[PDB]
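Reviewing the structure listed below.
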Amino acid sequence: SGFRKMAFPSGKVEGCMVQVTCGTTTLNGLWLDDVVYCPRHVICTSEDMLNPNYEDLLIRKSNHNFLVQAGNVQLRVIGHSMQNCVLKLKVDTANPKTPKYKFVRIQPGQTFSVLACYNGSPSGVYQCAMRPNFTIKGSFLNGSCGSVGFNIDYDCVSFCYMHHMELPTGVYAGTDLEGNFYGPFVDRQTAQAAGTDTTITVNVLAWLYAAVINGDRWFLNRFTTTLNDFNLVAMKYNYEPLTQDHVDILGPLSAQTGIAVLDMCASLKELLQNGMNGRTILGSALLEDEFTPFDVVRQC
Amino acid sequence: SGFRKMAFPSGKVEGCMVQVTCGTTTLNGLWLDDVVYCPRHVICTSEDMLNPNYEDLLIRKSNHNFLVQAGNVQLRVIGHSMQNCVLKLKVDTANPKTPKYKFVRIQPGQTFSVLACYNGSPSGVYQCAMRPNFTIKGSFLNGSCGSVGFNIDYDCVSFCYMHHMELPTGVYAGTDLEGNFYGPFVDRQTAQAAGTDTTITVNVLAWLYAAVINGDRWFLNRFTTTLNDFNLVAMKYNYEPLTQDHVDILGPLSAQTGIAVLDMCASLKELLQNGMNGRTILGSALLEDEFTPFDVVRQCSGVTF
């Protein structure tokens, strides 16, 4: 009995964080092999951000205009280029602490850890999900840009996110490590709509299974449902439609608990239609959607 | 525009975690200098745990009964001893990655990060509070024993907790790094009562300030209260009494927001008496008490290590 949101240990990523300064702007970079990766908006003034021409701004920059510091070590920049919304600064030294790593573009509803940093130094670690609307519900102050999101599988770090923007609505957006934004967003200070923030249905179901495994079973009811019937209710409550692929992913949790996936769907349907009536599940007063099936299996 | 339960970066602690096996029991140890610290119950069989005489059990153990592994490197144990409920294994190698560190005994209501480990390998990190009844609401599976809790000030790691026990009620108990349990608990597999728990009032207030700083202000009222009047309501709802020390601790958050501490107390009073009526605060449907005032300042000011 005990179930918590957990981040990956951050040590492998801490060894890759550097500070990047261009003019008056300082933010975070990621140093892997002999390349430092950071948001291209490092080259922008506050004024430039309203309507930046990144190509023209970068052409006014030279290698020596990029100050890159890894702890107390100044790195020597020997080249620069822009890949989508990320700057790649070639340095003359490979990071001796480069872990085994991959760049991955994650799917909506998948989770990852963020190492929040300021001025190239780690502040803290927390677990997030890529929302279906391609925003992330985090904590990123001024100077946090270039902080990264990651998953670890044994010794391999899969980087999936680099932080770029806070939208006027207070939500956060960023890119993969090839510099492509998740979602429709751009690296400009303008009004930008995130779409409807749908709930990640398969993750809620995974967490209900986690609740059963940990002895919190009050919400189990005597009903079943069909995918199509359930989805009519999901749609009404701004939940993601459930597919057979999702049902299949939940199969191991179904097996462990003896509760068929559509039976759990019927329990969720009743919770949606009736509310939780002031009750808690795993100590939460609302339905949690930022644990994946894999996350639940790992912890359970 | 965002406020999250945030753990400290774990890198300095990761370099100190090892696996300790004694017979059929494997759990985690903390390797600092040439000492590995772990729960003394590593020396117990399942049977011994029901009523162990640790002095007698330790006497029957030899150095060669303790297998210690740091990654794939087996360390050689050259001595063993007991300090309260923690076993200290002397090894023939000093940990080259030993950080600047202290051992501290934290107060109820204070927070710390746990590096949950299994068989000596770090698995994840999360932020916890020491409950008023000296339990932890965490996630500690079989093999997680010997995982440690810590805070970081600048470059210094302050270890404050080592995990020992899952009580039959599913809550967790452990020790400081001198092996003294927090609370009434013992390292025996027996029924053990945890006290009545209470909600950490000063931490709820700090989190309400965090909400205001992040633009969530619906629960602010133009009502007042006194400390004594507020505490009459706190008592009814199993909240900790608020003291002037607590008011003083909240002063910087009061200053930042322009909201007097007793004014925020009046807001909390109304939330307790009336409920939240289906509304959320910082995305939560209940009042969060596992952020200290210092935690709120740290996260809102972007302190680094």
Side-chain angles (χ1 to χ4, degrees), chain A residues 1-7 125-127 210 214-216 280 282-284 299-300, chain B residues 5-8 10 13 17 27-28 30 37-39 41 84-86 103-118 122-152 157-189 191-200 202-204 238 240 286 288-292 294-295:
Chain A
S1 283
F3 197 81
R4 288 295 310 263
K5 196 116 68 175
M6 205 141 311
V125 62
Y126 61 89
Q127 185 79 347
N214 288 297
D216 206 358
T280 63
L282 289 173
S284 182
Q299 197 175 150
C300 298
Chain B
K5 201 124 62 180
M6 195 152 298
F8 291 98
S10 56
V13 179
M17 299 311 302
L27 46 64
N28 304 286
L30 180 69
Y37 302 77
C38 77
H41 72 57
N84 306 297
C85 298
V86 293
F103 294 166
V104 299
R105 183 173 182 79
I106 58 168
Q107 298 293 311
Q110 293 302 124
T111 56
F112 56 92
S113 292
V114 172
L115 182 64
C117 297
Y118 291 94
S123 177
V125 59
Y126 61 95
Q127 184 79 349
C128 296
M130 177 64 69
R131 300 305 311 165
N133 71 355
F134 293 104
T135 62
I136 313 304
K137 299 194 305 180
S139 170
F140 297 104
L141 287 90
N142 187 300
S144 64
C145 290
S147 297
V148 295
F150 65 95
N151 284 276
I152 301 170
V157 178
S158 290
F159 295 100
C160 55
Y161 181 80
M162 173 169 279
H163 185 55
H164 286 238
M165 299 295 298
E166 184 170 7
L167 304 181
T169 56
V171 299
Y172 297 109
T175 68
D176 64 22
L177 268 294
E178 297 192 309
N180 301 290
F181 268 86
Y182 289 101
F185 309 111
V186 295
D187 47 356
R188 172 178 175 198
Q189 183 190 320
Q192 301 187 58
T196 305
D197 203 22
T198 53
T199 300
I200 310 155
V202 67
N203 292 4
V204 175
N238 287 313
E240 286 287 302
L286 44 78
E288 297 286 337
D289 78 342
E290 290 202 359
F291 298 93
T292 72
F294 179 64
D295 294 342

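Protein chains get the first letters and strands the later ones, always in sequence-line order, with residue 1 at the start of each. Values reported hereafter were calculated over all heavy atoms of this structure, with side chains retained and with hydrogens, waters and symmetry mates removed.
In plain terms, the two heavy atoms of A:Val125 and A:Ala7 that are nearest each other are CG2-CB, 3.4 Å. The minimum heavy-atom distance linking B:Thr175 with B:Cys85 is given by the pair CG2-CB, 4.1 Å. Considering every non-hydrogen atom in both A:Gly283 and B:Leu286, the closest pair reads O-CD2, 3.6 Å. Residues B:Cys117 and B:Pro122 approach most closely at SG-CA, 3.6 Å, considering heavy atoms. Of all non-hydrogen atoms in B:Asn133 and B:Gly195, the two that sit nearest each other are ND2-O, 3.1 Å. Of all heavy-atom pairs between B:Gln127 and B:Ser113, the closest is OE1-OG, 2.7 Å.
Within the 3.5 Å criterion, the main-chain N or O of B:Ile106 finds a donor-acceptor partner in the side chain of B:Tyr182. At distances below 3.5 Å, not a single donor-acceptor pair connects side-chain atoms of B:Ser10 with backbone N or O atoms of B:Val13. With hydrogens and angles ignored, the 3.5 Å screen pairs no side-chain donor or acceptor of B:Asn180 with any backbone N or O of B:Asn84. Put simply, the side chain of B:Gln192 gets close to the backbone of B:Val186: a donor and an acceptor are under 3.5 Å apart. Looking at B:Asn28, its side chain never comes within 3.5 Å of a backbone N or O of B:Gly146 through a donor-acceptor pair. Formation of a donor-acceptor pair under 3.5 Å by the B:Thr111 side chain with backbone atoms of B:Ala129 is not found in this model.
Annotation: salt bridge (charged side-chain N to carboxylate O under 4.0 Å, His left out) contacts involving residues 127-144 of chain B, sequence neighbours excluded, comprise B:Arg131-B:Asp197, B:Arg131-B:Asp289, B:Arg131-B:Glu290. Among residue pairs with one or both ends in residues 163-188 of chain B, those qualifying as salt bridge (charged side-chain N to carboxylate O under 4.0 Å, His left out) are B:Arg40-B:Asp187, B:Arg105-B:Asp176; sequence neighbours excluded.
For A:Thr280, the side chain to side chain donor-acceptor pair (under 3.5 Å) test picks out no residue, with sequence neighbours left out. With sequence neighbours excluded, the residues satisfying side chain to side chain donor-acceptor pair (under 3.5 Å) with B:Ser139 are A:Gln299. Partners of B:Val202 under the side-chain contact (heavy atoms from CB on, under 4.5 Å) rule, at least two apart in sequence or in another chain, are B:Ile200, B:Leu242, B:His246, B:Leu250, B:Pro293. Residues that satisfy the side-chain contact (heavy atoms from CB on, under 4.5 Å) test with A:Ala210, not counting sequence neighbours, are A:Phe3, A:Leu282, A:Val296, A:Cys300. In this view, B:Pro108 and B:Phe134 satisfy the side-chain contact (heavy atoms from CB on, under 4.5 Å) rule, not counting sequence neighbours. In this structure B:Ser144 satisfies the side-chain contact (heavy atoms from CB on, under 4.5 Å) test together with B:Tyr118, B:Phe140, B:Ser147, B:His163, sequence neighbours excluded. Every residue two or more places apart in sequence or in another chain was checked for a ring pair (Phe, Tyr, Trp, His ring centres under 6.0 Å) with B:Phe294, and none qualifies. Residues satisfying the side chain to side chain donor-acceptor pair (under 3.5 Å) test with B:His41, not counting sequence neighbours, are none. A search for side chain to side chain donor-acceptor pair (under 3.5 Å) contacts involving B:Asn238 returns nothing, not counting sequence neighbours.
Annotation: the span from B:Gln110 atom CD to B:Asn151 atom CG amounts to 8.0 Å, rounded to 0.5 Å. The NE2 atom of B:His164 sits 13.0 Å away from atom CZ of B:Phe185, with the distance rounded to the nearest 0.5 Å. Separation of atoms SG (B:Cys128) and NZ (B:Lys5) is listed at 8.5 Å; rounding is to 0.5 Å. Rounded to the nearest 0.5 Å, atoms SG (B:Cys145) and CE (B:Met162) are 10.0 Å apart. Summarising the geometry, atom CD1 belonging to B:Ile136 is positioned 3.5 Å from atom CZ belonging to B:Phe112; distances are rounded to the nearest 0.5 Å. Within the model, atoms OH of B:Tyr172 and OG of A:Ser1 stand 7.0 Å from one another, a figure rounded to the nearest 0.5 Å.
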Exercise for the section: Begin from the C-alpha positions of B:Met17 and B:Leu30 and carry the test side chain to side chain contact (heavy atoms under 4.5 Å, CB included) through to its verdict. Expected result: CA-CA 5 Å; B:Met17 299 311 302; B:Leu30 180 69; 4.0 Å; yes
Problem - Stepwise side chain to side chain contact (heavy atoms under 4.5 Å, CB included) check, B:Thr169 with B:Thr135 - result: CA-CA 11 Å; B:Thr169 56; B:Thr135 62; over 6 Å; no
Handout entry: Trace of the ring-ring contact (aromatic ring centres under 6.0 Å, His included) decision for B:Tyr37 with B:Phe103
Key = CA-CA 12 Å; B:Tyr37 302 77; B:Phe103 294 166; 5.3 Å; yes
